[PDB]
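Working notes, structure below.
Every residue, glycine as well, gets a Cβ built from its backbone with ideal geometry; the counts of neighbours run over all protein chains shown. Just so you know, all these numbers are worked out from the coordinates, no wet-lab data involved.
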Amino acid sequence: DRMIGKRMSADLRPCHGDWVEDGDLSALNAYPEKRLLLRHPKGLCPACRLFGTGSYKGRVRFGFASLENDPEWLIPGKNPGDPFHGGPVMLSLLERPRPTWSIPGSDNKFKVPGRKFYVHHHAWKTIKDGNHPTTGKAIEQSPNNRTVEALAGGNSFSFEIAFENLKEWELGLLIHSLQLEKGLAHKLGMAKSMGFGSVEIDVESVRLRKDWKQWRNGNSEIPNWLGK
Amino acid sequence: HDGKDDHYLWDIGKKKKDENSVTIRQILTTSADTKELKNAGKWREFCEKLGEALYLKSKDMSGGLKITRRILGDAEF
Amino acid sequence: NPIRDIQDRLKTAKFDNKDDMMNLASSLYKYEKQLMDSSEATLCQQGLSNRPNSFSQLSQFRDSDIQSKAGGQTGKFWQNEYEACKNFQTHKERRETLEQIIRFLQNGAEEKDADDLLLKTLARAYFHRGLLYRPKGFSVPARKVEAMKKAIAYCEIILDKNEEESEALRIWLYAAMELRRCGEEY
RNA sequence: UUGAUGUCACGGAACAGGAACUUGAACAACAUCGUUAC
């Protein structure tokens with residue numbers, strides 16, 4: 001009977017979200033008091049204050065990351081002497097995730113679990129050779145999977161993040177979220193459940209803004225913010 | 001984004017039943033060649049006054065307090 | 001601050017007296033007027049607490065008003081707005097409030113359902129704006145003259161139905177006595 | 001549709017103020033379909 005929006009606690013639903021109750025809101029469409037029935041009565045969470053939302057601009061801006069060394073692909077291309085194109089690799093089926101396996105029942109006891117973080121492993125050594133990960137059989141060229149071109153491990157990119165009007169602890173937590181500890185790693189890209197995609201981010205110089213004239217490279221204040 | 005004839009604006013009015021139900025693309029398609037709107041001058045005023053009528057109908061579809069554009073300064077000396 | 005007041009008025013709305021409905025309409029109008037211009041109270045990004053009950057009450061208020069659009073809501077709100085505008089300090093804020101009133105209620109006075117309070121306060125706003133015009137050409141500006149003429153036209157719109165009003169008649173005579181000393185004719 | 005002895009209207013800039021802006025990893029695993037038998 002209930003929607004999936006009422007299967008979790010009311011504090012973890014997105015602020016500035018949607019209408020899940022039984023009455024239709026379309027009746028109050030031509031009035032300015034409609035937008036007050038879609039926001040949380042307390043305000044904005046810590047993530048809808050750094051990153052933006054509708055009717056509020058976020059105060060952190062990302063950038064385009066560019067390569068610096070030579071590519072060093074995974075499978076060498078078919079045209080030799082051309083170190084700017086790689087070879088193809090065929091993946092597995094990769095279809096849609098079922099949410100009726102984490103919420104198995106139907107009554108009231110089964111809430112919504114957390115946020116589905118994929119694990120780090122090494123199962124691309126079986127894809128690169130042309131086998132399935134579960135069974136050892138070969139992969140057929142069905143009209144349902146993809147044939148991609150991929151980079152290998154050992155490359156180096158470089159990007160830049162601009163930020164304004166942050167507190168001290170917000171910057172400390174953003175740096176803790178950018179660089180992880182010594183043994184951990186992030187995950188981005190395609191086919192994350194097959195080992196593909198594992199990055200690690202290090203932090204180079206940090207430059208603050210004192211006035212409109214000087215800028216005052218602030219590398220000596222990182223061990224403070226983090227702790228704070 | 002699929003390439004088919006299902007836009008979110010120019011294809012309002014298309015249902016499964018009575019598939020002869022006209023949409024806005026068909027209406028604007030059969031009006032662009034009527035042997036009287038074939039020259040340049042007669043198509044321009046057609047679009048202009050059609051848009052003016054649709055704006056006049058859309059204006060009074062609110063419920064809050066509505067401000068006027070510019071009502072002051074009519075100095076005629 | 002302007003969103004807690006809507007809920008304080010929504011808590012004890014009785015939907016029968018003509019005082020709590022007026023207070024609810026006043027709170028809604030003040031929130032909308034706070035949004036139209038960009039003040040510092042635009043950063044408040046909260047909402048209403050009890051969603052289904054408040055949705056029922058707001059839909060019943062916007063539904064049990066359409067049969068009683070007798071002009072009892074906006075007329076009283078702009079009447080109190082002008083009454084608060086009269087007793088101000090230095091002329092700057094008086095001028096700005098007058099032009100805001102004129103801009104906001106100029107539309108709702110162009111139909112057959114035109115209240116006497118709405119037209120009366122619009123004519124008073126035109127007449128009071130006509131006095132605050134700083135001259136710059138060794139002569140009277142024409143905007144003062146046409147403010148007086150517009151006040152006369154609206155007070156004539158009222159006095160066309162009735163004969164004596166004792167309130168609009170005095171505005172008519174004020175506008176005529178002001179047109180006389182500006183080099184014009186009676 | 002003017003009236004004569006007296007028209008600088010080529011005697012007068014439709015002018016002046018307002019960021020089409022804000023929010024969004026091209027990503028992905030568990031089934032689908034209903035009845036048989038005493």
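Any residue that is out of contact with any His (no Cβ under 7 Å at 6 or more places or on another chain), among the polar types (S, T, N, Q), closer than 28 Å to A:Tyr31 by Cα and surrounded by 10 or more Cβ atoms within 10 Å (Cβ to Cβ) - is there at least one of those in region B:30-38? Within region B:30-38, none of the residues are out of contact with any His (no Cβ under 7 Å at 6 or more places or on another chain), among the polar types (S, T, N, Q), closer than 28 Å to A:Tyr31 by Cα and surrounded by 10 or more Cβ atoms within 10 Å (Cβ to Cβ). Tallying residues that are touching a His at 6+ places or on another chain (Cβ under 8 Å) and among the small types (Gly, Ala, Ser) within region A:60-119 yields 2. Considering only residues in region B:54-77 that are farther than 27 Å from C:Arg129 by Cβ and surrounded by 10 or more Cβ atoms within 10 Å (Cβ to Cβ), the one that is farthest from the chain's Cα centre (by Cα) turns out to be B:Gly63.
Of all residues being within 16 Å of RNA strand D (Cβ to nearest atom) and buried (at least 17 other Cβ atoms within 10 Å of the Cβ) in region A:30-43, which is farthest from the other protein chains (Cβ to nearest Cβ)? Just the residue, please. Among them, the one singled out is A:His40. Considering only residues in region C:101-118 that are surrounded by 15 or more Cβ atoms within 10 Å (Cβ to Cβ) and without any contact (Cβ under 8 Å) to a residue 40 or more places away in the chain, the one that is farthest from the other protein chains (Cβ to nearest Cβ) turns out to be C:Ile101. Filtering region A:79-99 to residues that are under 17 Å from A:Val148 (Cβ atoms), within 15 Å of RNA strand D (Cβ to nearest atom) and in a loop (DSSP other than H, G, I, E, B) leaves A:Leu91, A:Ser92, A:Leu93, A:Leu94, A:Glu95.
For region A:163-184, filtered to residues that are surrounded by 12 or more Cβ atoms within 10 Å (Cβ to Cβ) and within 16 Å of RNA strand D (Cβ to nearest atom), the residue that is farthest from A:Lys228 (Cα to Cα) is A:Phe163. If you filter region A:11-29 down to residues that are over 24 Å from A:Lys111 (Cβ atoms) and small (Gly, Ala, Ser), you find that the one that is farthest from the other protein chains (Cβ to nearest Cβ) is A:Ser26.
Screening region C:49-64 for residues that are within 17 Å of B:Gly64 (Cα to Cα) and touching a residue at least 12 places away in the same chain (Cβ under 8 Å) and picking the one that is nearest to the other protein chains (Cβ to nearest Cβ) gives C:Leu58.
When B:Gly3, B:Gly13 are checked against the criterion of being away from RNA strand D (no atom under 16 Å from the Cβ), among the small types (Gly, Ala, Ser), in a loop (DSSP other than H, G, I, E, B) and over 30 Å from C:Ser27 (Cα atoms), a single residue qualifies: B:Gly13.
Mind listing just one residue for me: the one in region A:65-115 that is surrounded by 12 or more Cβ atoms within 10 Å (Cβ to Cβ) and free of Cβ contacts under 8 Å to residues at least 40 places away in the same chain and, of those, nearest to A:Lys6 (Cα to Cα)? Here the answer is A:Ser102.
Residues checked against (1) hydroxyl-bearing (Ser, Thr, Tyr); (2) within 13 Å of RNA strand D (Cβ to nearest atom); (3) under 23 Å from the mean Cα position of the chain (by Cα):
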| position | (1), (2), (3) |
| --- | --- |
| A:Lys111 | no, no, no |
| A:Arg115 | no, yes, yes |
| A:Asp129 | no, no, no |
| A:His132 | no, yes, no |
| A:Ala138 | no, no, no |
| A:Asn144 | no, yes, no |
| A:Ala152 | no, no, yes |
| A:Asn155 | no, no, yes |
| A:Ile161 | no, no, yes |
